[PDB]
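Below you'll find the structure, written out as structure tokens, and then a few comments.
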Amino acid sequence: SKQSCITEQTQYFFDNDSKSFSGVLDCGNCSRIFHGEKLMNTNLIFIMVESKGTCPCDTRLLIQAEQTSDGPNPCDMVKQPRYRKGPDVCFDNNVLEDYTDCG
Amino acid sequence: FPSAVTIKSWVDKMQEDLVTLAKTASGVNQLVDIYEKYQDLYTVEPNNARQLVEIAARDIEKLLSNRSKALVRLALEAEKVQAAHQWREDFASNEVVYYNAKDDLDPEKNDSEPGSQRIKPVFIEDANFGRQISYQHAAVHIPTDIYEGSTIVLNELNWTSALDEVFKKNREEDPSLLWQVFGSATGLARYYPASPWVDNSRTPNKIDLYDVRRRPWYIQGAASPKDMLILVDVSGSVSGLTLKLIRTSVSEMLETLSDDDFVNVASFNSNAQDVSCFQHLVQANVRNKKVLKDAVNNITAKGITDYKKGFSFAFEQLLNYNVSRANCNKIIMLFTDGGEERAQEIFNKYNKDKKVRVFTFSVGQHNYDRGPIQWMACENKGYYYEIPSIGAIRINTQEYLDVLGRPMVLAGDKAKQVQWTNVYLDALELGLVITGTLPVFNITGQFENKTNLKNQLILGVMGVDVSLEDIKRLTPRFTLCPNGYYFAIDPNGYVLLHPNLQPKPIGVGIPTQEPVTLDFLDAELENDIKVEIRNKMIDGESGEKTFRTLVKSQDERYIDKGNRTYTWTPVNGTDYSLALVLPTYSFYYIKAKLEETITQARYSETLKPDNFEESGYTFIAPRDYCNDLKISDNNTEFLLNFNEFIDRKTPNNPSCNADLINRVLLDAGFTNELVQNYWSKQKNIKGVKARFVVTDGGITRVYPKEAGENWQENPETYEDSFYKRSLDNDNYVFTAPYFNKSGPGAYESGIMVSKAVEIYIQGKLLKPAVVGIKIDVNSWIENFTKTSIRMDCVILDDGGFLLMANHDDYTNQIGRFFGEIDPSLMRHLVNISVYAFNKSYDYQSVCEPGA
Ligand SMILES: *[C@@H]1O[C@H](CO)[C@@H](O[C@@H]2O[C@H](CO)[C@@H](O)[C@H](O[C@@H]3O[C@H](CO)[C@@H](O)[C@H](O)[C@@H]3O)[C@H]2NC(C)=O)[C@H](O)[C@H]1NC(C)=O
Ligand SMILES: *[C@@H]1O[C@H](CO)[C@@H](O[C@@H]2O[C@H](CO)[C@@H](O[C@@H]3O[C@H](CO)[C@@H](O)[C@H](O)[C@@H]3O)[C@H](O)[C@H]2NC(C)=O)[C@H](O)[C@H]1NC(C)=O
Ligand SMILES: *[C@@H]1O[C@H](CO)[C@@H](O[C@@H]2O[C@H](CO)[C@@H](O[C@@H]3O[C@H](CO)[C@@H](O)[C@H](O)[C@@H]3O)[C@H](O)[C@H]2NC(C)=O)[C@H](O)[C@H]1NC(C)=O
Ligand SMILES: *[C@@H]1O[C@H](CO)[C@@H](O)[C@H](O)[C@H]1NC(C)=O
Ligand SMILES: *[C@@H]1O[C@H](CO)[C@@H](O)[C@H](O)[C@H]1NC(C)=O
Ligand SMILES: *[C@@H]1O[C@H](CO)[C@@H](O)[C@H](O)[C@H]1NC(C)=O
Ligand SMILES: *[C@@H]1O[C@H](CO)[C@@H](O)[C@H](O)[C@H]1NC(C)=O
Ligand SMILES: *[C@@H]1O[C@H](CO)[C@@H](O)[C@H](O)[C@H]1NC(C)=O
Ligand SMILES: *[C@@H]1O[C@H](CO)[C@@H](O)[C@H](O)[C@H]1NC(C)=O
Ligand SMILES: *[C@@H]1O[C@H](CO)[C@@H](O)[C@H](O)[C@H]1NC(C)=O
Ligand SMILES: *[C@@H]1O[C@H](CO)[C@@H](O)[C@H](O)[C@H]1NC(C)=O
Ligand SMILES: [Ca+2]
């Protein structure tokens, strides 16, 4: 029915510790004015943008969801692979071995 | 555009409104008052992380050494019994009586075989295994491709009943033992708790391809780690059927490779080249094996053959020490059909002292000369296999494993050491298990030294399952904060034990019997400090490191800037390494001291599901309160059974633990004393819709009992995303509702707002509970619409989720990601760096089957 699958996922968070962020959005051939105020003593932000019904800049979307994807390129993570310690002891090349049994 | 100060004062007014509403409705400082008032009913105990880590590490070591001693006993008896066995060919009179796991439960006498009389067992139900178990004898599994009446099989069925006795005596000494099994080198598996074969007794569409000699634990115990280099021979003559068989053989040969074995696939026709993007021996993990399989399936047959140009490539790749390797058992697998070139010169030059073996396979139904192909194996320590059709694909790889285990046998008792397997799913269903393996040698001619015909092979491999639920009881997490946990690690970095390890096969790519090997860095969010900690742990040394992390939330929608302390120690006498993650506010906890025998009662009567108006609507975390209690998903049943088992608890002194029961009863008492003395006295507020509190003890009362019908949060408080989230941020957190989730929704549920209690007991900071308010959306949109509307003044949180807008249409899609509506806004915002982000993969997530 359903199969296991590498699914790249994204999360967002307030990068800066500042509380006020203002500017003008550089939409396609238009201008969008905004002001972001982070409410104190909470995890909420107040985005005071003043532009609606203007030209559409919705070329793509930011889909924050478990989207099906291939994994990391495995041809790249074999050049500098993660640290890894193999088994300490192994048994090969014993001289008493009987080689007369090829088949 | 209003001036900055104007809307800044707007924000100040709305934020003070929200803070006042939350801290007045939930009851933060009043619950703090209760907790500091009752310092006499509990004592704050420390979580000395070093002590906890060493304690759990030595407990895990003791468990693994218990199973190691069981393996030693089983292998001792197996070798001793087989050494004292006399061959036969006449089993008509001397029956071999045994239970064949693939049998019919109906009392049908005609289900038996000429040489052997079958047992009809009596199966009882055991919840330890979850299936039908009979501890009187051991079942036998015989592959469908192997006849159960031949002489080899009947002799193996004879000398393996002392194994029945030792299985029983092993389980008597350690009642907690799971499957213990002798995986015979003739194809048999003889596992002790006799249960029917897992799903393939006699069932249509369902063919039993199980073969014990192909299992990961057998392949692990049967030999040492390899360095394979599969030389496929894609020349002209192998096209047609021979090529199809060659690619199937290569896939089924890669299937016999562990994470300790290193492999590459090359292909030669008048010039040699790799088949994939790799150019050196790469580790044979799941993803690399999948890449090699996908490259082999794309291979085409064309051109003349040059054996020297292919063997030069093979040896030159096996001499590449700049890469990480398993510096052991160097091998070359030649998947040709036949030819007239021995190439004695290339073997003489490259493989002179015979460090590298050569296994030659004559794949295909053809008539070319197999003289050089049989010679290459002889001169170079190898073996020669023939794969004329699909159906001979699956045995010859098992056979090269049979060959590789000679030098392991010739090193008599140095080689008999217990090895533990990666975390795989058990054949007979019990979920994630590791298994210890011990090879069993052939001891027929010893101290009366004889010819030693086949005394270089092994008899099989012993194996005993250890379940990952057996390990999670040696590492108890209910004295820690929910953000703290234990986790272990292989020397390959794969997590043996981790809270982000779920029963389920690991994904390897986009869809069109493998181990669940989840690396450590792929189970959490990878830092550069965490890479250092991983490399420190793998080296098997102790340490400690406190630092600031990025802790993805349990619901995989937010990220917090956490503050953790990784203490770790090696598990002695084992390759593992245990670590305990612990927040800074988690160094102390509450030990409920309720020993009056009547105080526990005076707190317990308050939990009954009839008083759900003086107190709120409660849920009980389904923990191991004690063995008589059996946890269920119907939470009201658990609450009931919990109440009855509270009713008569005094006689259960040596039965079930005072810690969890006292802690939960005390938390119920503190929660009730707040629902009575601060919420029942008020009984209603306009802005709110549901006032609730959650606690680490498991008590999660919600007041109205009607909005609690819209409460879908996990009863186990140690598994709620909002609770662990609220522990981190020392402020109020708005949990945006899940967009387009059929159920309690948003309007008839609300939006969660929560804060963590911050009590001090003798100067020790604690966070025992998080009071949460499900703010009603209508009152809040009313209080918000006293602002500018039409252009849009929106409210966003961590993760950029849409709490509401002034638009009165965005609020219809309340709880959506803001990027799904007006992406340009927060794409820009990310570029201002108000919003960072992290992309991480979840290799262990279910996925729709694409085309
Ligand atoms: C939107 O509606 C009203 C205001 O429009 C908010 O309720 C009021 O919030 C203010 C905050 O500054 C309080 O003063 C108002 O009364 C207070 O109530 C607390 C309760 O303990 C008292 O201790 C104070 O002394 C004061 O009397 C309060 N009004 C009421 C009737 O409670 C409302 O919370 C807001 N909606 C949301 C969702 O936040
Ligand atoms: C462990 O090794 C011993 C010997 O090292 C194996 O026992 C030997 O097995 C062979 C082949 O099964 C026997 O040879 C056969 O003998 C019968 C009767 O003599 C004959 O009819 C056959 O044609 C064949 O020659 C041999 O007798 C037997 N015993 C000895 C002392 O060699 C034993 O099978 C090995 N363990 C396992 C599990 O196979
Ligand atoms: C996951 O998100 C975190 C957010 O903390 C990312 O870490 C941050 O990444 C940026 C970009 O690389 C770093 O900026 C650079 O930092 C260095 C040194 O601080 C500075 O000299 C440069 O000029 C630049 O500003 C930032 O430092 C870093 N933060 C931390 C705490 O390390 C991270 O990159 C994201 N991705 C992954 C895979 O973790
Ligand atoms: C492991 O053994 C060493 C020495 O034998 C000891 O110092 C260390 O404390 C042990 N670790 C644990 C967790 O017991
Ligand atoms: C190890 O085996 C002994 C049997 O002598 C048993 O009493 C003990 O509980 C076992 N230890 C563990 C951790 O299971
Ligand atoms: C092998 O079979 C004989 C004949 O039934 C029996 O006496 C003997 O006990 C068997 N060997 C073992 C190890 O049980
Ligand atoms: C792999 O498959 C693609 C698709 O048919 C093909 O173009 C390519 O040549 C193949 N690779 C090799 C090495 O032939
Ligand atoms: C490996 O490293 C050595 C020394 O850095 C270098 O001479 C050689 O070309 C490298 N590659 C191989 C395949 O040996
Ligand atoms: C832990 O948190 C405190 C305050 O939140 C911070 O000052 C400290 O640096 C953090 N710990 C570490 C190791 O950074
Ligand atoms: C669970 O079972 C109990 C009793 O069997 C019942 O009262 C309750 O409604 C059930 N709940 C669900 C969600 O099935
Ligand atoms: C911001 O936008 C510019 C222009 O599109 C782009 O070049 C840049 O990479 C973005 N990010 C940063 C951090 O400058
Ligand atoms: Ca050819």
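Chains as they are written, first to last, in the deposited numbering: chain A, 970 to 1072; chain B, 27 to 538, 554 to 831, 848 to 908. All residues carry an ideal CB built from backbone N, CA and C; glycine is no exception.
- Identification of residues in the region 119-135 of chain B having a C-beta nearer than 8 Å to some C-beta of chain A yields an empty set.
- Annotation for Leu44/B: the continuous alpha helix (DSSP H) segment containing it runs 30-51.
- Counting the other Cβ atoms within 10 Å of the Cβ of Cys1024/A gives fewer than 16, which makes it exposed.
- The criterion of a C-beta distance shorter than 9 Å is satisfied by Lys407/B and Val382/B.
- Taking a 10 Å sphere around the C-beta of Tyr450/B, we find 16 or more other C-beta atoms and assign the residue as buried.
- Judged by beta-carbon spacing, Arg732/B lies within the 9 Å limit of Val812/B, meaning their Cβ atoms are closer than that value.
- In the structure shown, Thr463/B adopts extended strand secondary structure according to DSSP, grouped into three states.
- Collapsing the DSSP output to three states places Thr712/B in a helix.
- Using a Cβ-Cβ cut-off of 9 Å, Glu905/B counts as an interface residue toward chain A, since at least one Cβ of chain A sits closer than that to its own.
- When the Cα atoms are used, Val317/B and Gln299/B turn out to be separated by approximately 16 Å.
- The region 55-72 of chain B makes no contact with the region 426-443 of chain B; the number of CB pairs closer than 8 Å stays below 3.
- When C-alpha distances from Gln1036/A are compared across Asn1063/A, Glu977/A, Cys1026/A, the shortest belongs to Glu977/A.
- Residues are counted here when their Cβ sits less than 7 Å from a Cβ of chain A; for the region 310-327 of chain B these are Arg313, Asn314, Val317, given in chain order.
- Looking at the backbone, the Cα of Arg197/B and that of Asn355/B are separated by about 36 Å.
- The C-beta of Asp38/B has fewer than 16 other C-beta atoms within 10 Å across all chains shown, which makes the residue exposed.
- Put simply, the region 718-730 of chain B does not touch the region 626-644 of chain B. Fewer than three CB pairs are less than 8 Å apart.
- Taking C-beta atoms as the reference points, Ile532/B and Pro556/B count as a pair closer than 9 Å.
- A contact is defined here as three or more CB-CB pairs under 8 Å, and the region 87-103 of chain B meets this definition with respect to the region 445-465 of chain B.
- Ligand 1 has no heavy atom closer than 8 Å to the beta-carbon of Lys63/B.
- Chain-ordered listing is empty here: chain B has no CB closer than 8 Å to the CB of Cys1024/A, the nearest sitting near 10 Å.
- Listed along chain B, the residues sitting closer than 7 Å to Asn985/A by beta-carbon distance are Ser890, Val891.
- Distance from the Cα of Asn895/B is smallest, within the candidate group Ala104/B, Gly213/B, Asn568/B, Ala403/B, for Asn568/B.
- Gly856/B and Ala777/B have their C-alpha atoms some 9 Å from each other.
- The C-beta separation of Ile172/B from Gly213/B comes to about 4 Å, placing the pair in contact by the 8 Å criterion.
- Non-local beta-carbon contacts of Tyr410/B in its own chain, meaning distances under 6 Å to residues more than five positions away in sequence, involve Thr386, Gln400, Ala403 in chain order.
- For the region 756-783 of chain B, the residues whose beta carbon sits under 8 Å from a beta carbon of chain A are, in order, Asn770, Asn772, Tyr773, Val774, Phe775.
- Contacts between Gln978/A and chain B, judged by CB atoms closer than 7 Å, involve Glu597, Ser897, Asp899 in chain order.
- As for any beta strand (DSSP E) of minimum length 3 sitting wholly inside the region 51-93 of chain B, the runs are 68-72, ordered along the chain.
- Short of 7 Å from the beta carbon of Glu366/B, and not among the five residues preceding or following it, lie these beta carbons of its own chain, in chain order: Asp395, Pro398.
- When DSSP reads this structure, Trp609/B sits in a beta bridge with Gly584/B, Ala620/B.
- Placement of the Cβ of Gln108/B at a distance of less than 8 Å from at least one heavy atom of ligand 2 is found.
- Taking C-alpha positions only, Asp363/B is separated from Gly262/B by approximately 11 Å.
- Put simply, the CB of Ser1000/A is far from chain B, with every gap to its CB atoms at 9 Å or more.
- Beta-bridge analysis with DSSP links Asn604/B to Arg589/B.
- Taking a cut-off of 7 Å from the heavy atoms of ligand 9, the residues with a C-beta inside it are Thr587/B, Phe588/B, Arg589/B, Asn604/B, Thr625/B.
- Contact of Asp849/B with chain A is assigned, a C-beta pair being separated by under 9 Å.
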